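Enquirer:
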Amino acid sequence: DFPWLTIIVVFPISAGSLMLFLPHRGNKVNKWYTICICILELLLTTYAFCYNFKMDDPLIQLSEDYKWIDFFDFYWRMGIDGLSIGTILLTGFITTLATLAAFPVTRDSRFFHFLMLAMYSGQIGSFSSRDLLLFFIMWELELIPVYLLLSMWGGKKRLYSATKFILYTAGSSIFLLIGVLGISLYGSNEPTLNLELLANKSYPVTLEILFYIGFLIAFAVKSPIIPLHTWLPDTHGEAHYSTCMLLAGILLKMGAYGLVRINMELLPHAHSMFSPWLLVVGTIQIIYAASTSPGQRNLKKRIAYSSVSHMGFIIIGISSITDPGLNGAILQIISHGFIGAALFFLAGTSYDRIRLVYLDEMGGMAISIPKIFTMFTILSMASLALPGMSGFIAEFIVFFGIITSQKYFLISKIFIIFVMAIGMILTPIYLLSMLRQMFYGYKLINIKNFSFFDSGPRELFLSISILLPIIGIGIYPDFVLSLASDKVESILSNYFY
Amino acid sequence: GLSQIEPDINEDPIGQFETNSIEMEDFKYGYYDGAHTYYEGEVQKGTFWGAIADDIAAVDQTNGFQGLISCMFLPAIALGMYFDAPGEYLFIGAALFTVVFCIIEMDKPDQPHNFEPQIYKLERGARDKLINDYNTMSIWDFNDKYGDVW
Amino acid sequence: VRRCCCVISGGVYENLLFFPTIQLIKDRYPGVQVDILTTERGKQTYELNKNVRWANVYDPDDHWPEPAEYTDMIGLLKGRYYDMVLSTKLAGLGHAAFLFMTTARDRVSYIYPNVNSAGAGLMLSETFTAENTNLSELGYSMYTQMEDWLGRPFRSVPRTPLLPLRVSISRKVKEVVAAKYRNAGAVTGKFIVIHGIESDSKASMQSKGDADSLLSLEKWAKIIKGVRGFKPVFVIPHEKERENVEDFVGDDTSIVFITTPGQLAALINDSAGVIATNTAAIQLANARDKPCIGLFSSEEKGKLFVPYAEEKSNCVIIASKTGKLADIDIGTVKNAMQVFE
Amino acid sequence: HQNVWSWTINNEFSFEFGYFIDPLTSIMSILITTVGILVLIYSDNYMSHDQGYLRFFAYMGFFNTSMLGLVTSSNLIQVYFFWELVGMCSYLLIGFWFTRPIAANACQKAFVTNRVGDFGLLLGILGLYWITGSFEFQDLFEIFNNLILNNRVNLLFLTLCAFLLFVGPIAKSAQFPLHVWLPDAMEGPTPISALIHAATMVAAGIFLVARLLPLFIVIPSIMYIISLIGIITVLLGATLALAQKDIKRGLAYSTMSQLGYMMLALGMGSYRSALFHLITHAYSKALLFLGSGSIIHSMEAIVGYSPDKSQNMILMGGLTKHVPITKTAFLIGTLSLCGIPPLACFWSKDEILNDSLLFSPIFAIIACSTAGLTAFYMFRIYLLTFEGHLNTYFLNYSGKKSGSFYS
Amino acid sequence: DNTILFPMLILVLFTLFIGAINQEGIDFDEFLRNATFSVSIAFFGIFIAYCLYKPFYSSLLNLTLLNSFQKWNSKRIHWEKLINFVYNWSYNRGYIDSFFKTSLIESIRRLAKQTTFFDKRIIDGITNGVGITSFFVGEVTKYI
Amino acid sequence: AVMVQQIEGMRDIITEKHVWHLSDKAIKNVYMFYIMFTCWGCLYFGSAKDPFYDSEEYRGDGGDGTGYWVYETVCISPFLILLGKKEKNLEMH
Amino acid sequence: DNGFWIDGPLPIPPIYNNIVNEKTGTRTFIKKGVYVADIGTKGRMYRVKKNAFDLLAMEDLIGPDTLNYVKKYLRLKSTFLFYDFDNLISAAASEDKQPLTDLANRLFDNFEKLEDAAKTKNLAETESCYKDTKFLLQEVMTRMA
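Chains as they are written, first to last, in the UniProt record's numbering: chain A, 9 to 505; chain B, 51 to 200; chain C, 115 to 455; chain D, 69 to 475; chain E, 544 to 564, 569 to 576, 601 to 715; chain F, 65 to 157; chain G, 76 to 220.
As structure tokens, this is what we get:
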């Protein structure tokens, strides 16, 4: 009918490649050019999502297939699921607000905003592609640009974190390549790559477990799984707020979404073997990443471990073979996208205002920056799984998917729920420790001579714009469930028989 | 901040967990926390419209037209429903609004906070990118201090 | 060489006595961008060199660092592309691998005398076996092996000293320390620093080999009462001592809070006299030809930390007859009256 | 009436957010609305000399909304929703004076304690969806009458789930394990010391047990657990307030004792006497807290603003001469807590002991002993403040007043 | 001010009106012996508070008894332990706050330092040791 | 909608059960309106006087918009004063 | 069958020898995984009434551009009703068993017709089928009550 997803995906790069030299040597022109491009792309995404996306049909919509390389059977397969459209809209929203938050950047702002648009294309390419090797292309295409907007923008030891991240992510993308090679070649007669043609194959268990290992080592670092999670506290905690609010906002969700696409509905009989252990891993992950966070003096590494902790509920909902579990996983993907994005945004602006990082220093700054104080408090409440925010309904529907699970038995459900809900005691501890360390207090040397600037209207709009979906999803969760739940049944129909 | 000299290391790393606030021994209640300040009598008028429009005027780079369209945009999309149901007209108009806003945001003023940090030396008003198309001033090499005073 | 690292350690004192070595390096080769990977309290001293570039903070004597920090600094020394290292961290294997992992053409380091340097020669160009394992106990020189290697006779003369310890103060530190002592009861010309106070703080710049280096206050009260006042300004390492000093020597005495050695040298340059005990104040006084007296706990430590007392003709070195820093407090007053006017 | 709606309909969810208007709801609604209105009127002038004063009423309005949604609650989903929102508003109100770090420690503790309670509440309401598959109150009361006669449900699991469901009320009503949040919640304002407890929020921990009594009397060992927690925290509420030099902390420990009396009355199965005790306590101890705030704002003119001085009950001294209306208010409130029969509220405690003394020997004579202790420390609180000499301008102690007089 | 009194007055009206609430416990949802016993113990607590905290110039008790009170308790040795323990109880807050801030939140803080140690040193140690070992073997096989 | 339910213990219940939903199209429309609001704010508040990142506090000292500008600045200004000190010693202090 | 986490097929709950099915297949409104709580015969008898009351009070939900949620609530509460009728029939008194399973069959054929009308976004046929299924819902509600 019309190449929709293609002009979604290629448009940021094809519009940032119009900045070849573009002799305007201030940040104004390219800043406004690229925020205009990002708004245009977000509106294209919405007009695809509103008037050309049926929310009831749990099948591939806006499908589009070309022929790129005939030897690999490598197409340009594009497609939207119920579990992928939410991540696509989240990509649009969060990357748009990221380039909004990057308004004050002026170092090499042309290159910065171009790499932002490159990430903006690559993430939607990873979420919208129904071809395995194309999923790998758009996985590794959001690897160099993130490196370049992580090593030259943001963070003290930015070079260490950037090389750690790029080598960790490449050393896992090679496992992803082992997986796609295994499935494509040793999948069946007539080797293919189209996931739509691939989701109804045999894959005997001695080979399905091998593919599941090859893909779980790939997605275990992007959605951090606690053996392989050390890239995040260095990467997020030493990055700029505009990059970090999509490193946690949408880049962390591939790997959680991937565990749904190429693990949950492509390798179901092996996921039925591996999810019992992914459950224990996620339950230990919540506690581990909620107990490491009080260990961090740093402000931003605290929120990086917070993201490692909140990914545990997504790991649990994925390993919960249920409709509630996976719907809670997708809902937590989106909820923590908003939450972690805005939290890293506010931590970066707080560092820019205060120019202090550790929580031992940086005492009471609430009277100095009250707007930042209240937005950080509201978003800590949203991180807290507080009702009225999307975090609560996420971190409750995942519990409900546990307690209504047919896979697991009560002797295990009790232990799992207990270790999960200790997480919501430990999460108050670190979040309100951060709040009382960085905002509650009085420093006698900071009386009036500093008089820092408050949250400007731009940053206030950032935080409020990321808050309103959190509130709207806390008061009415079916802004996120209703676009996925039907598709979730199309997952679980592969599991019960 | 600046810290031209090297700062003094604190011999008391107060604690990994407890905040950096003063103790209750030295805390003057009421005046610090604002629990006994705000004696009404030093307050001012401006009842909720003489201080909203004052705050809008406090933070605004919008001219007559850009700004009027900003005030009339969201009412147009709000009346995109509950008055009619156009459809793609809303998105085409919103894209037109975004593009004309971005073309307008190629402002005649350049506001030197937009420029690089290395530009802030002095006398930057004599630099005029505001009027001079094709500036042709090789100062963005950022490896040597050229005298651009001409 | 073109870029030269330095992985030195010890704190304030040991980083101070490395300035002759760095000036030696910059005198040996024409242009050397020198860098220092030292501990905190050591970077501050590197305001006073005018021969260094970066002066990062590592604390190489940690032995058990965060692998994030360890790998960060390894990659940093790699990406700066050095040609010499010159550690004087005093460790063999383990640290020798840390210098080897840096792409350096000439790895130079000190070495433990014990078995801990089991395989340091496999990675280093120079060995420099040492003494006492506590190199600052060796005294002021502390680098004679490193110096007598640096600029050995290959074409020209070594010239290992260049008027030893030419420290140099900036104008901003001078201005702020001037405002400090003018907020005190002192005038820029006629005042005398002290910098010996009983405390528990690393800002007194003592040593790594001297324990009884800092003198009490009641004995310091008797010392300063034995001398007529040339307005002795007291140099505390921490504010907790201020209310102690006023409790001992009197409220009228003016106290100046200095912990940064750069601020201390800015105080020395404006002072016309020094009564320091074995801290960095003695060497900052011998720098810029200022008159010290230099109390010590023994003539051995006095000769070790001040070997060139016969070359400045003002630093009339004083010691204690017995140990434990119990000095005479009588003749020190006499030659203090002699030298300060 | 149970006017339920539908929140989400995707899978097993089928969530509702309805309003179970029962006698207990109606009690809680009047008890919230009346005391909230009066505390708002109180805070109109208590906080008029506050710099950040409108955010206090933002928190208070959200707190009243949250509690009114908690008590008007058809399913454990909405109960839980508004339970944690009450915890949020408690955090914000207690750390309302964020500048003072003692309030920071207070609010961080309060929310952590409420979430140690909400841990139990969550993995209890999920245990009830396991045992029953309900998420509603209409079905739970019609299931638990016959559920315990089946075979798959383990009675040990049922009492475990019920104890965890009670752990929430333990935290909100300040019972023995999670009682530490209440005497440290005085670092915020006094209006919140009237509304957080002696009012809506600690009344919520009693409301939940009163609402789940139809499925706690059936479970065998949970009722003794509730009685034991209440009888432990009536003496931990009583032996604590005997020597608290502060006014608000003493009233808070007295509240911690009266809430234990209510949990004991629920532990006796007395569905009505617990709620009458709650009503009279929440209209008496709220009065005492408003009187304490008026005492305090009378004392600020003496000793300036310092909670170690302007709330120190010892140097309050004598205020019957100066503030007579507040004297009568505090006197009526304290005599209502002591159980004075004609001009006060003895009959609630009369029904308590009448339904208690013929139940068990352990939970009767010690309850009466703690009632005597209640009379003692509450009248100490009254006497050290009101009856006597001022103890701050006293010319045997205050030399400044002497030097000012003999000019 | 009056707007602080008006809430107190309404709450006085309530707690005086609530004290008389043919009953409506059934509609909505040893009588004098128990009453006088409960009033006896309550009046006993009242009296123990009165004889101590009510001053002598305003107490309705007789001076001949109030002097014998202190005469019987002029030693203050058996009260110097009871009052001591009661004040220790009320000041240490039953020692439960100290127990929790020594074994529950300090336990969690020790556990947090332990877990971030395990993360930064010996599971980030492996991830960083991959790179350290690659650097080291590179320099070794470069110089051997 | 109206149902009377008998229960042995307490009372009768008059449940109502208004099962509703926002609907598939209205959910799309609120997504639409919120994205349009995000556009409006991203443009307008982006064209607002950002008071912090305009003054000589941020843009003066360094102010590139990074997070390493503080650390590289306080690592460079030591080097700049050291270079100026060497220039001063070049001309006899 | 290693105690915790039975693995492999993740079986459905069974159908115990009843004619409650369709005889041209089992049934089509069956949600695959739902945690039907094994309460007891009185509890099942009341939960039938509650789910039938839900499906009955689902009248407001029906309308244009809302049939997806109609289908979802239908198949959900009808799956609950299915398993509850299964346990009620399997634990019946053997004299009210046959009328009850015929009642369940003539109720579930109508639920199947309703799901076929709502999944296909057929609004008018959905409502015209909702008429007699509402008759049947009131019928089962007055039977269980």
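Backbone N, C-alpha and C fix where the C-beta goes; we use that ideal spot for every residue, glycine too.
Taking the beta carbon of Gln70/D as the centre, do at least 16 other beta carbons fall within 10 Å, making it buried, or is it exposed?
Expert: Around the Cβ of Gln70/D, a 10 Å sphere holds 16 or more other Cβ atoms; the residue is buried.
Enquirer: Helix, strand or coil for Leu675/E, going by three-state DSSP, please let me know.
Expert: Per DSSP, reduced to three states, the secondary structure at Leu675/E is coil, with no helix or strand assignment.
Enquirer: For the beta strand (DSSP E) that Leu287/A lies in, which residues bound it at each end?
Expert: Not the beta strand (DSSP E): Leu287/A falls in the alpha helix (DSSP H), residues 276 to 303.
Enquirer: Between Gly665/E and chain C, is there a C-beta pair that is closer than 8 Å?
Expert: no
Enquirer: Would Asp73/A pass as a contact of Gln66/B if the rule is Cβ separation under 8 Å?
Expert: no
Enquirer: Using the C-alpha atoms, what's the distance from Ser231/C back to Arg285/C?
Expert: 44 Å
Enquirer: Alpha carbon to alpha carbon, how far is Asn143/G from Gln69/A? Give it in angstroms, no decimals.
Expert: 17 Å
Enquirer: Buried or exposed: where does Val277/D fall if 16 or more other Cβ atoms within 10 Å of its Cβ makes it buried?
Expert: buried
Enquirer: Which residues in chain D have a C-beta closer than 9 Å to the C-beta of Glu80/F? List them in chain order.
Expert: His69, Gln70, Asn71, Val72, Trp73, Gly86
Enquirer: Is the separation between the beta-carbon of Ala239/D and that of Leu232/D shorter than 8 Å?
Expert: Their beta carbons are not under 8 Å apart, which means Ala239/D does not touch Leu232/D by this criterion.
Enquirer: Kindly list the residues whose CB is nearer than 7 Å to the CB of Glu138/B, restricted to its own chain and excluding five residues on each side of it in sequence; keep chain order.
Expert: none
Enquirer: Counting only Cβ pairs nearer than 8 Å, list the residues of chain C close to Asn699/E.
Expert: Residues of chain C passing the Cβ test: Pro181, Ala182, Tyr184, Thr185.
Enquirer: Using a 10 Å radius around the Cβ and a threshold of 16 neighbouring Cβ atoms, would you call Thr435/A buried or exposed?
Expert: buried
Enquirer: Taking the Cβ atom as the reference point for each residue, do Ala172/D and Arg444/A lie within a distance shorter than 8 Å?
Expert: yes
Enquirer: How far does the beta strand (DSSP E) with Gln116/B in it reach, from first residue to last?
Expert: Segment 115 to 128 is the alpha helix (DSSP H) holding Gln116/B; no beta strand (DSSP E) there.
Enquirer: Can you tell me where the alpha helix (DSSP H) with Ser71/A in it begins and where it stops?
Expert: First-last for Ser71/A: 69 to 72, but that is the beta strand (DSSP E), not the alpha helix (DSSP H).
Enquirer: Residues of the segment 123 to 146 of chain F with a CB closer than 8 Å to any CB of chain C: list them in chain order, please.
Expert: Listed in sequence order: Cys139, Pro142, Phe143, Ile145, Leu146.
Enquirer: One question on the structure: do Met219/G and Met133/G come within less than 8 Å of each other, judged by their Cβ atoms?
Expert: Cβ atoms of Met219/G and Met133/G: not closer than 8 Å.
Enquirer: What residues in the segment 162 to 173 of chain D have a beta carbon less than 7 Å from any beta carbon of chain E?
Expert: none
Enquirer: Residues of the segment 103 to 118 of chain D with a CB closer than 9 Å to any CB of chain B: list them in chain order, please.
Expert: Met115, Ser116, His117, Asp118
Enquirer: When you compare the CB of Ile483/A with every CB in chain F, is at least one pair closer than 8 Å?
Expert: no
Enquirer: Determine, using beta carbons only, whether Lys150/F comes closer than 8 Å to chain C.
Expert: Chain C contact via Cβ: present.
Enquirer: With a threshold of 8 Å, are at least 3 pairs of Cβ atoms found where one atom belongs to the segment 378 to 387 of chain A and the other to the segment 311 to 318 of chain A?
Expert: Segments in contact, no.
Enquirer: At what residues does the beta strand (DSSP E) containing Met156/B begin and finish?
Expert: Segment: none, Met156/B is in no beta strand (DSSP E) and carries neither H nor E.
Enquirer: Once DSSP output is grouped into helix, strand and coil, what is the label at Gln94/B?
Expert: coil
Enquirer: State the DSSP-derived secondary structure class of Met198/C, mapped to helix, strand or coil.
Expert: strand
Enquirer: Against chain A, does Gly189/C count as a neighbour if the rule is that its beta carbon must be under 8 Å from one of theirs?
Expert: Yes, contact with chain A.
Enquirer: With 8 Å set as the bound, which would you pick, yes or no: does the beta-carbon of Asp90/D sit closer than that to a beta-carbon of chain F?
Expert: Yes, contact with chain F.
Enquirer: Note down, one range per segment and in chain order, each alpha helix (DSSP H) of at least 4 residues found wholly within the segment 430 to 467 of chain D.
Expert: 430 to 453
Enquirer: Let's test the definition: count the other Cβ atoms within 10 Å of the Cβ of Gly233/C and tell me whether it reaches 16, buried, or not, exposed.
Expert: exposed
Enquirer: Can you tell me whether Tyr132/B is buried or exposed? The criterion is at least 16 other CB atoms within 10 Å of its CB, across all chains shown.
Expert: With fewer than 16 neighbouring CB atoms inside 10 Å of its own CB, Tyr132/B falls in the exposed class.
Enquirer: According to the neighbour-count rule (16 or more other Cβ atoms, all chains shown, within 10 Å of its Cβ), is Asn70/B buried or exposed?
Expert: buried
Enquirer: Taking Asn358/C and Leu331/C to be in contact with their CB atoms under 8 Å, please state how far apart those CB atoms are, rounded to whole angstroms.
Expert: 7 Å
Enquirer: Grouping DSSP H, G and I as helix and E and B as strand, with all else coil, what is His69/D?
Expert: When secondary structure is reduced to three states using DSSP, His69/D falls in the coil class, being assigned neither helix nor strand.
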